[PDB]
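Read the structure below first, then the notes.
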Amino acid sequence: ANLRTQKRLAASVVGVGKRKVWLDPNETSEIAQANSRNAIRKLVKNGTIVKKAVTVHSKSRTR
Amino acid sequence: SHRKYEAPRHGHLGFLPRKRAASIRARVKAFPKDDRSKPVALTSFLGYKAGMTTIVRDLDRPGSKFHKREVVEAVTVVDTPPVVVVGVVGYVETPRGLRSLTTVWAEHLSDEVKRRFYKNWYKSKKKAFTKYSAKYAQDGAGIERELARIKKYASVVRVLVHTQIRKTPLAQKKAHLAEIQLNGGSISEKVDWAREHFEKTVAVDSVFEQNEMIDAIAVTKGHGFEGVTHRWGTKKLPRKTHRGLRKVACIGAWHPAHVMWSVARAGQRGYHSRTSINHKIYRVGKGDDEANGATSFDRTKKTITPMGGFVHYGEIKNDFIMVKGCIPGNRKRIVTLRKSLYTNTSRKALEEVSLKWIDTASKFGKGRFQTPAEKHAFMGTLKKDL
Amino acid sequence: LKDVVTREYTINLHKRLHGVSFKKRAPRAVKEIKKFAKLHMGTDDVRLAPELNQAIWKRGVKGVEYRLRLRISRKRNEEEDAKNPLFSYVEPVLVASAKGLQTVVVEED
Amino acid sequence: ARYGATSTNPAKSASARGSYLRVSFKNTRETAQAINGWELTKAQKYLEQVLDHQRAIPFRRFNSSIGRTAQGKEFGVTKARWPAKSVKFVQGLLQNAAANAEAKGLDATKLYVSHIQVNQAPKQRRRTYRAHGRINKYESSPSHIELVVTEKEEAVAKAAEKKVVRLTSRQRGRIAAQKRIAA
RNA sequence: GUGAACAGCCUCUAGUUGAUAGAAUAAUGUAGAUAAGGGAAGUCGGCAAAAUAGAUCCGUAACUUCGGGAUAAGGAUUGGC
RNA sequence: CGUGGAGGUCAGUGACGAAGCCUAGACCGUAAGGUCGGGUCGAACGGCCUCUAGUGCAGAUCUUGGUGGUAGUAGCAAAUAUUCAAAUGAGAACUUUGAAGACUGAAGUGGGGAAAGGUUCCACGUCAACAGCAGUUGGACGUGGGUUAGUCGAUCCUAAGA
RNA sequence: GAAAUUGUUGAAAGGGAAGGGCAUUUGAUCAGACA
Ligand SMILES: [Mg+2]
Ligand SMILES: [Mg+2]
Ligand SMILES: [Mg+2]
Ligand SMILES: [Mg+2]
Ligand SMILES: [Mg+2]
Ligand SMILES: [Mg+2]
Ligand SMILES: [Mg+2]
Ligand SMILES: [Mg+2]
Ligand SMILES: [Mg+2]
Ligand SMILES: [Mg+2]
Ligand SMILES: [Mg+2]
Ligand SMILES: [Mg+2]
Ligand SMILES: [Mg+2]
Ligand SMILES: [Mg+2]
Ligand SMILES: [Mg+2]
Ligand SMILES: [Mg+2]
Ligand SMILES: [Mg+2]
Ligand SMILES: [Mg+2]
Ligand SMILES: [Mg+2]
Ligand SMILES: [Mg+2]
Ligand SMILES: [Mg+2]
Ligand SMILES: [Mg+2]
Ligand SMILES: [Mg+2]
Ligand SMILES: [Mg+2]
Ligand SMILES: [Mg+2]
Ligand SMILES: [Mg+2]
Ligand SMILES: [Mg+2]
Ligand SMILES: [Mg+2]
Ligand SMILES: [Mg+2]
Ligand SMILES: [Mg+2]
Ligand SMILES: [Mg+2]
Ligand SMILES: [Mg+2]
Ligand SMILES: [Mg+2]
Ligand SMILES: [Mg+2]
Ligand SMILES: [Mg+2]
Ligand SMILES: [Mg+2]
Ligand SMILES: [Mg+2]
Ligand SMILES: [Mg+2]
Ligand SMILES: [Mg+2]
Ligand SMILES: [Mg+2]
Ligand SMILES: [Mg+2]
Ligand SMILES: [Mg+2]
Ligand SMILES: [Mg+2]
Ligand SMILES: [Mg+2]
Ligand SMILES: [Mg+2]
Ligand SMILES: [Mg+2]
Ligand SMILES: [Mg+2]
Ligand SMILES: [Mg+2]
Ligand SMILES: [Mg+2]
Ligand SMILES: [Mg+2]
Ligand SMILES: [Mg+2]
Ligand SMILES: [Mg+2]
Ligand SMILES: [Mg+2]
Ligand SMILES: [Mg+2]
Ligand SMILES: [Mg+2]
Ligand SMILES: [Mg+2]
Ligand SMILES: [Mg+2]
Ligand SMILES: [Mg+2]
Ligand SMILES: [Mg+2]
Ligand SMILES: [Mg+2]
Ligand SMILES: [Mg+2]
Ligand SMILES: [Mg+2]
Ligand SMILES: [Mg+2]
Ligand SMILES: [Mg+2]
Ligand SMILES: [Mg+2]
Ligand SMILES: [Mg+2]
Ligand SMILES: [Mg+2]
Ligand SMILES: [Mg+2]
Ligand SMILES: [Mg+2]
Ligand SMILES: [Mg+2]
Ligand SMILES: [Mg+2]
Ligand SMILES: [Mg+2]
């Protein structure tokens with residue numbers, strides 16, 4: 001099963017780098033059917049794909 | 001064309017081939033001349049090398065600038081529990097050299113030896129000697145006549161002994177078995193000695209004593225494949241040289257068009273037979289003697305075992321032989337101590353030593369303390385303790 | 001026969017990693033553990049819990065803790081029938097300190 | 001068909017082939033030979049153990065500068081190896097021979113491998129680039145593999161000639177006398 | 001961020017995690033380091049290597065086309081709070 | 001003595017097996033060679049008189065093709081680095097997803113272009129070859145889809161020069 | 001569907017090459033001729 005496409009698609013749709021799209025491993029059968037950006041948009045809207053937080057770079061030691 | 005400058009060759013052609021020995025137990029190639037006027041005795045002894053330590057003694061050597069002054073000397077300790085006699089072998093002279101004609105064996109053999117006779121003890125039925133043993137049943141008939149036969153013939157008698165490796169901290173259960181030539185009395189007195197000692201046991205003090213010069217036969221430590229520099233003591237080629245530099249630059253002239261037997265080459269180093277001689281006995285210790293490692297002058301009750309015990313060996317709970325300096329072979333290896341082949345009249349040999357102090361601090365680091373007691377005295381109470 | 005047991009061991013990773021090249025130390029630890037499981041449970045099939053992976057790599061390649069407290073579970077196998085009926089699953093045990101514990105059986109219920 | 005020389009009751013044999021197989025011809029030659037004449041069932045368990053590195057395949061021809069292993073002792077050999085890809089192709093054909101045997105209705109308990117022969121398929125060409133702008137060949141050495149399994153059959157009885165005896169006048173007279181004399 | 005800095009070293013965003021693999025760690029290598037005492041005796045030759053180094057202050061010779069030579073040479077200092 | 005072609009002849013051999021090839025089977029010849037048997041084979045071929053020449057190989061660092069020993073050998077070691085589990089699949093060190101450990105460190109292993117390439121882009125299918133291990137993956141293979149301008153370029157202008 | 005070269009089977013020889021000459025033993029194999 002090959003979610004490579006849907007992950008790139010995810011990155012583009014959310015506005016984020018692929019390094020941060022989360023493709024949920026228990027919904028792999030559903031994700032794989034998402035050929036379109038419309039179907040990824042629905043997949044993002046309901047949590048089958050999430051944005052994944054930035055890695056903090058605190059400035060507290062600088063400050 | 002002719003060297004250029006003259007220099008001695010590297011290393012000794014009389015220790016070739018530099019191959020691994022055929023066995024861990026180096027062979028005794030020679031026994032002391034026989035003098036059948038003295039009482040019958042062993043002429044050598046097995047043990048295991050334990051470790052080394054340091055000694056202090058006054059020197060007796062008129063004319064030396066250290067006459068009557070203390071010296072510190074290195075020494076080795078080899079674990080030496082009694083040996084047990086289990087057989088006799090009788091040799092005869094022939095125009096082809098010495099040949100054995102029979103071996104007579106004790107009736108009971110410890111599993112320790114029996115184990116030597118096997119490669120897979122655990123699986124085996126251990127049937128070794130179980131028919132031999134039955135020969136004793138028949139009154140003794142066939143055993144006497146082999147004994148008889150050794151007496152009638154036999155130019156020399158050697159006895160078959162083995163080590164009590166279980167009285168030793170080693171892990172290797174399988175004992176060491178060997179022929180020691182008997183040297184007192186008539187041939188017949190020898191086999192009488194031998195028969196008498198079957199299943200019975202023999203102690204170093206019955207064979208060695210203080211200040212005696214003895215030899216040590218053992219297999220040298222192993223180092224596996226060694227290049228030419230360190231194996232032969234060859235000179236490192238210069239830093240600029242291509243294709244590497246721990247080598248010999250010229251491996252021979254153009255003629256003979258063959259590499260010669262006498263040039264240095266990479267190959268095995270160590271695990272050699274050696275027969276090292278003239279090691280004075282400094283102590284003949286007794287296993288059943290606290291104050292083993294104590295001295296006339298010291299007096300503190302303590303044994304030779306260092307704090308934490310001999311590194312990589314264990315404890316010594318048996319008699320031992322303390323020998324000046326060092327000996328071939330490593331910690332744990334079987335080792336034949338042999339009686340000297342000549343009476344040495346050296347003055348150096350002859351000197352009668354008396355240890356004033358035996359080091360007993362740990363060898364597992366910079367030992368600061370001889371005993372736990374001394375160490376408590378100095379440190380006082382710690383967070384554990386009382 | 002079978003047997004189905006859970007125990008908790010502490011493995012000395014320190015003497016097993018002694019000398020090992022820095023970029024193989026956390027990798028060796030995975031193999032070392034696997035080997036440690038087979039030696040106790042007799043089983044050729046050893047799976048490590050992903051958490052145990054994390055515990056192992058918690059400090060990067062060359063910074064493996066000297067002592068891990070493991071829980072090992074011999075389980076029977078199901079599906080496409082394997083070579084052997086049994087297998088072990090290894091888990092981390094959340095302990096304050098993996099220092100000072102002895103091997104211990106875990107009562108099955 | 002048309003296999004190599006066989007000497008065997010085809011009524012009691014079965015057989016199999018793979019042509020043009022991309023396995024090393026030399027390694028699978030040594031492993032075929034390791035099996036030649038074996039009780040079928042013994043051989044199969046044996047290849048399985050090879051794969052497990054529990055026993056090895058003796059290398060007897062294609063073997064110079066091979067390594068050494070204690071696992072050659074049972075074959076009286078110091079060089080032996082563990083050719084995975086070879087072993088798996090051979091047991092492939094082997095398992096096939098079995099099937100064909102079951103089909104023919106042959107007793108699977110008597111099966112020994114009575115013929116096993118590998119030789120050279122056409123090589124397949126690839127190339128490698130060498131220093132100073134040069135090209136060299138980089139080639140596969142595939143193998144043809146064929147084997148035959150046969151039901152083992154005991155005995156053989158006797159029966160052959162009778163050696164027609166021919167001897168002169170002086171020779172049959174001594175004989176006539178040997179009886180006239182004794183028994 | 002450190003810092004004189006688009007240096008080196010560490011990091012966020014993005015992007016990689018591609019380079020046959022496993023097991024051992026003999027000789028000899030390649031690449032990276034260290035060595036008591038001596039200190040170029042090595043060598044065609046100090047080749048290689050080692051030593052030096054930032055900044056603040058002090059202090060700087062022959063000679064000169066008066067511009068230099070000069071960071072001459074030689075010294076001290078330097079963290080944290 | 002032997003070979004390719006030619007004139008003559010034997011109303012020559014042959015699909016009931018010509019030629020060719022194989023053969024530590026036979027026989028003739030000092031030899032070049034000739035004859036037979038057996039196996040393989042499938043459409044043509046030979047004896048004798050004579051005519052004719054692109055007419056006889058071991059070599060030429062000969063020509064073209066094929067093939068060995070070398071040898072399962074040299075090697076597949078630059079660019080810090082990999083790990084656990086799931087999923088898929090006949091098959092998973094190498095695919096996908098999750099986790100973790102790291103790297104490039106904005107003078108980028110980021111985001112775009114000029115020249116050059118030309119479909120490599122994208123999707124679905126998919127592994128015989130190819131990607132100096134592998135392969136379910138791919139810039140591979142099969143089948144399709146895809147490049148929209150009054151304002152971005154060309155087009156206009158002039159430069160060295162043609 | 002030759003040869004080089006290769007696998008299997010069968011037979012034989014092999015103390016630092018192999019192959020060759022004259023001769024015979026031994027094994028295998030075979031023509032002829034007797035009437
Ligand atoms: Mg001279
Ligand atoms: Mg030997
Ligand atoms: Mg006798
Ligand atoms: Mg060395
Ligand atoms: Mg020297
Ligand atoms: Mg030395
Ligand atoms: Mg050079
Ligand atoms: Mg030299
Ligand atoms: Mg020490
Ligand atoms: Mg080390
Ligand atoms: Mg074929
Ligand atoms: Mg060969
Ligand atoms: Mg070969
Ligand atoms: Mg080799
Ligand atoms: Mg060789
Ligand atoms: Mg061999
Ligand atoms: Mg190359
Ligand atoms: Mg080029
Ligand atoms: Mg007849
Ligand atoms: Mg008669
Ligand atoms: Mg990129
Ligand atoms: Mg590479
Ligand atoms: Mg690399
Ligand atoms: Mg490797
Ligand atoms: Mg020095
Ligand atoms: Mg100096
Ligand atoms: Mg000089
Ligand atoms: Mg000087
Ligand atoms: Mg000089
Ligand atoms: Mg010069
Ligand atoms: Mg000079
Ligand atoms: Mg330099
Ligand atoms: Mg220094
Ligand atoms: Mg100057
Ligand atoms: Mg200050
Ligand atoms: Mg002619
Ligand atoms: Mg002609
Ligand atoms: Mg012509
Ligand atoms: Mg024909
Ligand atoms: Mg022939
Ligand atoms: Mg004939
Ligand atoms: Mg015919
Ligand atoms: Mg036709
Ligand atoms: Mg003519
Ligand atoms: Mg011509
Ligand atoms: Mg010629
Ligand atoms: Mg030719
Ligand atoms: Mg030639
Ligand atoms: Mg010629
Ligand atoms: Mg040629
Ligand atoms: Mg060629
Ligand atoms: Mg290969
Ligand atoms: Mg190799
Ligand atoms: Mg290389
Ligand atoms: Mg990988
Ligand atoms: Mg970094
Ligand atoms: Mg930079
Ligand atoms: Mg890249
Ligand atoms: Mg672009
Ligand atoms: Mg292109
Ligand atoms: Mg693509
Ligand atoms: Mg394929
Ligand atoms: Mg390609
Ligand atoms: Mg490949
Ligand atoms: Mg492949
Ligand atoms: Mg295409
Ligand atoms: Mg297309
Ligand atoms: Mg415009
Ligand atoms: Mg226009
Ligand atoms: Mg054909
Ligand atoms: Mg001949
Ligand atoms: Mg002859």
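In the structure tokens, each chain is lettered A, B, ... as it comes, each chain's residues begin at 1, and ligands are numbered from 1 in order of appearance.
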Residues within 10 Å of residue C:68, only C-alpha atoms (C1' of nucleotides), excluding chain neighbours under 6 positions, as a PDB file with C-alpha atoms, in the first residue's frame:
ATOM      1  CA  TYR C   9      15.066  -9.265  34.120  1.00  0.00           C
ATOM      2  CA  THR C  10      17.788  -6.620  34.272  1.00  0.00           C
ATOM      3  CA  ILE C  11      20.321  -6.991  31.425  1.00  0.00           C
ATOM      4  CA  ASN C  12      23.808  -5.627  31.776  1.00  0.00           C
ATOM      5  CA  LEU C  13      24.146  -3.691  28.535  1.00  0.00           C
ATOM      6  CA  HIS C  14      27.393  -2.159  29.782  1.00  0.00           C
ATOM      7  CA  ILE C  33      18.719  -7.862  23.983  1.00  0.00           C
ATOM      8  CA  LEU C  52      11.661  -0.697  24.313  1.00  0.00           C
ATOM      9  CA  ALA C  55      14.144   3.336  25.782  1.00  0.00           C
ATOM     10  CA  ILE C  56      17.186   1.910  24.000  1.00  0.00           C
ATOM     11  CA  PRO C  92      10.393  -1.719  29.073  1.00  0.00           C
ATOM     12  CA  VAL C  93       9.412  -1.547  32.691  1.00  0.00           C
ATOM     13  CA  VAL C  95      11.233   1.669  37.116  1.00  0.00           C
ATOM     14  CA  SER C  97      16.209   2.854  38.785  1.00  0.00           C
ATOM     15  CA  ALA C  98      17.200  -0.356  37.008  1.00  0.00           C
ATOM     16  CA  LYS C  99      19.875  -0.711  39.681  1.00  0.00           C
TER      17      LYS C  99
END
Please, which residues of chain G lie no more than 10 Å from chain D when the count uses only C-alpha atoms (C1' of nucleotides), and can they be set out as a PDB file with C-alpha atoms (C1' of nucleotides), in the first residue's frame?
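selection-v7.pdb, written as the output of this step:
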ATOM      1  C1'   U G   6      31.309 -27.713 -19.836  1.00  0.00           C
ATOM      2  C1'   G G   7      27.913 -31.241 -16.533  1.00  0.00           C
ATOM      3  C1'   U G   8      26.626 -36.066 -15.271  1.00  0.00           C
ATOM      4  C1'   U G   9      27.705 -41.528 -15.932  1.00  0.00           C
TER       5        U G   9
END
(request) Using only C-alpha atoms (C1' of nucleotides) and all ligand atoms, determine which residues fall within 12 Å of ligand 48, then list them as a ChimeraX atom specification. (result) /F:57-60,62
(message) Using only C-alpha atoms (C1' of nucleotides), I'd like every residue of chain E that has an atom within 7 Å of chain B; please write them out as a ChimeraX atom specification.
(response) /E:26-29
Resulting file, chosen residues, N, CA and C atoms (P, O5', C5', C4', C3', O3' and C1' of nucleotides), as a PDB file, in the first residue's frame:
ATOM      1  P     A E  26      42.458  -8.736  17.206  1.00  0.00           P
ATOM      2  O5'   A E  26      43.565  -9.019  16.113  1.00  0.00           O
ATOM      3  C5'   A E  26      43.311  -9.640  14.875  1.00  0.00           C
ATOM      4  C4'   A E  26      44.579 -10.306  14.433  1.00  0.00           C
ATOM      5  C3'   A E  26      45.584  -9.467  13.676  1.00  0.00           C
ATOM      6  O3'   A E  26      46.392  -8.679  14.528  1.00  0.00           O
ATOM      7  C1'   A E  26      45.320 -11.537  12.610  1.00  0.00           C
ATOM      8  P     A E  27      47.056  -7.280  14.050  1.00  0.00           P
ATOM      9  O5'   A E  27      48.127  -7.673  12.930  1.00  0.00           O
ATOM     10  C5'   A E  27      49.242  -8.508  13.227  1.00  0.00           C
ATOM     11  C4'   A E  27      49.949  -8.983  11.981  1.00  0.00           C
ATOM     12  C3'   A E  27      50.510  -7.894  11.089  1.00  0.00           C
ATOM     13  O3'   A E  27      51.718  -7.375  11.573  1.00  0.00           O
ATOM     14  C1'   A E  27      49.396  -9.505   9.755  1.00  0.00           C
ATOM     15  P     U E  28      51.931  -5.783  11.614  1.00  0.00           P
ATOM     16  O5'   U E  28      51.769  -5.365  10.092  1.00  0.00           O
ATOM     17  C5'   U E  28      52.737  -5.751   9.134  1.00  0.00           C
ATOM     18  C4'   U E  28      52.289  -5.400   7.747  1.00  0.00           C
ATOM     19  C3'   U E  28      51.842  -3.974   7.548  1.00  0.00           C
ATOM     20  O3'   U E  28      52.882  -3.021   7.574  1.00  0.00           O
ATOM     21  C1'   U E  28      50.352  -5.426   6.440  1.00  0.00           C
ATOM     22  P     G E  29      52.492  -1.495   7.833  1.00  0.00           P
ATOM     23  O5'   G E  29      52.014  -0.994   6.410  1.00  0.00           O
ATOM     24  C5'   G E  29      51.066   0.039   6.311  1.00  0.00           C
ATOM     25  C4'   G E  29      50.072  -0.234   5.229  1.00  0.00           C
ATOM     26  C3'   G E  29      49.115   0.926   4.975  1.00  0.00           C
ATOM     27  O3'   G E  29      49.622   1.853   4.028  1.00  0.00           O
ATOM     28  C1'   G E  29      47.885  -1.069   5.299  1.00  0.00           C
TER      29        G E  29
END
(request) Go through stretch 12-68 of chain C and collect every residue that DSSP, computed from the backbone, puts in strand (DSSP E); the answer should be as a PyMOL selection string. (result) chain C and resi 12+46-48+67-68
Mind dumping the selected residues with N, CA, C and O atoms as a PDB file, in the first residue's frame?
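This went into out.pdb:
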ATOM      1  N   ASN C  12      22.689  -6.526  31.717  1.00  0.00           N
ATOM      2  CA  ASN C  12      23.808  -5.627  31.776  1.00  0.00           C
ATOM      3  C   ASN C  12      24.243  -5.275  30.361  1.00  0.00           C
ATOM      4  O   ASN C  12      25.026  -5.992  29.747  1.00  0.00           O
ATOM      5  N   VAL C  46      11.898 -13.277  18.684  1.00  0.00           N
ATOM      6  CA  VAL C  46      11.868 -12.223  19.691  1.00  0.00           C
ATOM      7  C   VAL C  46      11.391 -10.934  19.111  1.00  0.00           C
ATOM      8  O   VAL C  46      12.059 -10.393  18.238  1.00  0.00           O
ATOM      9  N   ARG C  47      10.254 -10.432  19.584  1.00  0.00           N
ATOM     10  CA  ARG C  47       9.829  -9.093  19.193  1.00  0.00           C
ATOM     11  C   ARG C  47      10.066  -8.093  20.323  1.00  0.00           C
ATOM     12  O   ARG C  47       9.718  -8.362  21.481  1.00  0.00           O
ATOM     13  N   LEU C  48      10.670  -6.948  19.980  1.00  0.00           N
ATOM     14  CA  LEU C  48      10.782  -5.796  20.893  1.00  0.00           C
ATOM     15  C   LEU C  48       9.652  -4.780  20.725  1.00  0.00           C
ATOM     16  O   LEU C  48       9.417  -4.258  19.630  1.00  0.00           O
ATOM     17  N   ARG C  67      22.332  -0.356  32.187  1.00  0.00           N
ATOM     18  CA  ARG C  67      21.465  -1.419  32.700  1.00  0.00           C
ATOM     19  C   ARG C  67      20.024  -1.163  32.289  1.00  0.00           C
ATOM     20  O   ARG C  67      19.437  -0.159  32.705  1.00  0.00           O
ATOM     21  N   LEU C  68      19.434  -2.038  31.489  1.00  0.00           N
ATOM     22  CA  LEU C  68      17.984  -1.950  31.289  1.00  0.00           C
ATOM     23  C   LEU C  68      17.214  -2.985  32.103  1.00  0.00           C
ATOM     24  O   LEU C  68      17.623  -4.143  32.210  1.00  0.00           O
TER      25      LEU C  68
END
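Taking atom CA of residue B:208 and atom CA of residue B:76 as the two end points, the separation is 15.8 Å.
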(message) What does the list of residues within 12 Å of ligand 72 look like if you count only C-alpha atoms (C1' of nucleotides) and all ligand atoms, written as number ranges by chain?
(response) G: 21-25
Go ahead and write the selection's residues with N, CA and C atoms (P, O5', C5', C4', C3', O3' and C1' of nucleotides) as a PDB file, in the first residue's frame.
ATOM      1  P     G G  21      54.374 -42.873 -29.548  1.00  0.00           P
ATOM      2  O5'   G G  21      55.924 -43.130 -29.676  1.00  0.00           O
ATOM      3  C5'   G G  21      56.639 -42.660 -30.776  1.00  0.00           C
ATOM      4  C4'   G G  21      57.996 -43.307 -30.813  1.00  0.00           C
ATOM      5  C3'   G G  21      58.053 -44.826 -30.700  1.00  0.00           C
ATOM      6  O3'   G G  21      57.800 -45.432 -31.933  1.00  0.00           O
ATOM      7  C1'   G G  21      59.692 -43.885 -29.331  1.00  0.00           C
ATOM      8  P     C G  22      57.161 -46.874 -32.032  1.00  0.00           P
ATOM      9  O5'   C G  22      58.308 -47.854 -31.531  1.00  0.00           O
ATOM     10  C5'   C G  22      59.399 -48.196 -32.355  1.00  0.00           C
ATOM     11  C4'   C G  22      60.275 -49.198 -31.653  1.00  0.00           C
ATOM     12  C3'   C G  22      59.604 -50.411 -31.012  1.00  0.00           C
ATOM     13  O3'   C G  22      59.338 -51.440 -31.955  1.00  0.00           O
ATOM     14  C1'   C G  22      61.106 -49.447 -29.473  1.00  0.00           C
ATOM     15  P     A G  23      58.049 -52.400 -31.871  1.00  0.00           P
ATOM     16  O5'   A G  23      58.225 -53.170 -30.495  1.00  0.00           O
ATOM     17  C5'   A G  23      59.208 -54.168 -30.376  1.00  0.00           C
ATOM     18  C4'   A G  23      59.351 -54.682 -28.971  1.00  0.00           C
ATOM     19  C3'   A G  23      58.121 -55.234 -28.294  1.00  0.00           C
ATOM     20  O3'   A G  23      57.793 -56.544 -28.730  1.00  0.00           O
ATOM     21  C1'   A G  23      59.287 -53.856 -26.796  1.00  0.00           C
ATOM     22  P     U G  24      56.284 -56.973 -29.099  1.00  0.00           P
ATOM     23  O5'   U G  24      55.693 -57.541 -27.750  1.00  0.00           O
ATOM     24  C5'   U G  24      56.167 -58.768 -27.231  1.00  0.00           C
ATOM     25  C4'   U G  24      56.282 -58.701 -25.741  1.00  0.00           C
ATOM     26  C3'   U G  24      54.990 -58.733 -24.974  1.00  0.00           C
ATOM     27  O3'   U G  24      54.424 -60.020 -24.922  1.00  0.00           O
ATOM     28  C1'   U G  24      56.384 -57.073 -24.060  1.00  0.00           C
ATOM     29  P     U G  25      52.854 -60.237 -24.695  1.00  0.00           P
ATOM     30  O5'   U G  25      52.649 -60.064 -23.139  1.00  0.00           O
ATOM     31  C5'   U G  25      53.455 -60.766 -22.213  1.00  0.00           C
ATOM     32  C4'   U G  25      53.146 -60.364 -20.799  1.00  0.00           C
ATOM     33  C3'   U G  25      51.688 -60.263 -20.417  1.00  0.00           C
ATOM     34  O3'   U G  25      51.120 -61.542 -20.222  1.00  0.00           O
ATOM     35  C1'   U G  25      52.889 -58.432 -19.516  1.00  0.00           C
TER      36        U G  25
END
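Interatomic distance, atom CA of residue C:61 to atom CA of residue C:34: 17.4 Å.
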(request) Could the residues that lie within 8 Å of ligand 11, counting only C-alpha atoms (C1' of nucleotides) and all ligand atoms, be listed as an MDAnalysis selection string? (result) chainID D and resid 18:20 121 144
Any chance you could export the current selection's C-alpha atoms as a compact mmCIF listing (two decimals), in the first residue's frame?
# COMPACT_ATOMS: atom_id res chain seq x y z
CA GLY D 18 14.81 -25.62 -14.78
CA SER D 19 16.47 -24.06 -17.82
CA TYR D 20 18.27 -20.69 -17.94
CA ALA D 121 23.06 -21.81 -19.67
CA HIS D 144 20.40 -25.49 -16.50
So that I can see what lies close to stretch 114-131 of chain F, please list as a PDB file with C-alpha atoms (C1' of nucleotides), in the first residue's frame the residues with an atom at most 8 Å from it, counting only C-alpha atoms (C1' of nucleotides) and leaving out residues fewer than 2 positions away in the same chain.
ATOM      1  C1'   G F 138      12.042   3.656  -9.655  1.00  0.00           C
ATOM      2  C1'   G F 139      14.066   8.832 -13.887  1.00  0.00           C
ATOM      3  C1'   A F 140      12.695   1.096 -15.645  1.00  0.00           C
ATOM      4  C1'   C F 141       8.447  -1.624 -18.439  1.00  0.00           C
ATOM      5  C1'   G F 142       2.879  -1.232 -20.268  1.00  0.00           C
ATOM      6  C1'   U F 143      -1.307   2.004 -20.975  1.00  0.00           C
ATOM      7  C1'   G F 145      -3.527  11.981 -18.889  1.00  0.00           C
ATOM      8  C1'   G F 146      -1.110  16.774 -18.787  1.00  0.00           C
TER       9        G F 146
END
(request) Kindly work out which residues sit at most 9 Å from ligand 22, using only C-alpha atoms (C1' of nucleotides) and all ligand atoms, and give the list as a PyMOL selection string. (result) (chain E and resi 19-20) or (chain F and resi 76-77)
Residues as selected, N, CA, C and O atoms (P, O5', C5', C4', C3', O3' and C1' of nucleotides), written as a PDB file, in the first residue's frame, can you do that?
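Below you can see again14.pdb, which holds the result:
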ATOM      1  P     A E  19      20.898   2.730  -0.652  1.00  0.00           P
ATOM      2  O5'   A E  19      22.451   3.120  -0.721  1.00  0.00           O
ATOM      3  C5'   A E  19      22.952   3.776  -1.905  1.00  0.00           C
ATOM      4  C4'   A E  19      24.448   3.904  -1.897  1.00  0.00           C
ATOM      5  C3'   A E  19      25.194   2.952  -0.961  1.00  0.00           C
ATOM      6  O3'   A E  19      26.299   2.419  -1.678  1.00  0.00           O
ATOM      7  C1'   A E  19      25.921   5.161  -0.619  1.00  0.00           C
ATOM      8  P     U E  20      26.010   1.344  -2.849  1.00  0.00           P
ATOM      9  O5'   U E  20      25.245   0.174  -2.094  1.00  0.00           O
ATOM     10  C5'   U E  20      25.918  -0.634  -1.133  1.00  0.00           C
ATOM     11  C4'   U E  20      24.992  -1.713  -0.643  1.00  0.00           C
ATOM     12  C3'   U E  20      25.159  -2.200   0.774  1.00  0.00           C
ATOM     13  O3'   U E  20      24.587  -1.352   1.744  1.00  0.00           O
ATOM     14  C1'   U E  20      24.946  -4.030  -0.638  1.00  0.00           C
TER      15        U E  20
ATOM     16  P     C F  76      36.147  -2.728  -2.519  1.00  0.00           P
ATOM     17  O5'   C F  76      34.589  -2.628  -2.792  1.00  0.00           O
ATOM     18  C5'   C F  76      34.114  -2.030  -3.982  1.00  0.00           C
ATOM     19  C4'   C F  76      32.667  -2.340  -4.214  1.00  0.00           C
ATOM     20  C3'   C F  76      31.800  -2.418  -2.981  1.00  0.00           C
ATOM     21  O3'   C F  76      31.344  -1.169  -2.567  1.00  0.00           O
ATOM     22  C1'   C F  76      31.352  -4.269  -4.360  1.00  0.00           C
ATOM     23  P     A F  77      30.894  -1.008  -1.045  1.00  0.00           P
ATOM     24  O5'   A F  77      32.301  -0.869  -0.311  1.00  0.00           O
ATOM     25  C5'   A F  77      33.012   0.351  -0.305  1.00  0.00           C
ATOM     26  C4'   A F  77      33.568   0.582   1.069  1.00  0.00           C
ATOM     27  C3'   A F  77      34.312   1.862   1.298  1.00  0.00           C
ATOM     28  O3'   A F  77      33.394   2.903   1.528  1.00  0.00           O
ATOM     29  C1'   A F  77      35.515   0.086   2.243  1.00  0.00           C
TER      30        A F  77
END
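If you look at atom CA of residue B:131 and atom CA of residue B:106, they are 12.5 Å away from each other.
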(request) Select residues of chain D: the criterion is any atom within 9 Å of an atom of chain F, counting only C-alpha atoms (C1' of nucleotides); output as a ChimeraX atom specification. (result) /D:24,26-27,62-66,126-128,138
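Every protein, DNA or RNA residue with an atom at most 10 Å from residue B:299, where only C-alpha atoms (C1' of nucleotides) count and chain neighbours fewer than 4 positions away do not, is listed here: residues 291, 293, 294, 295, 356 and 357 of chain B.
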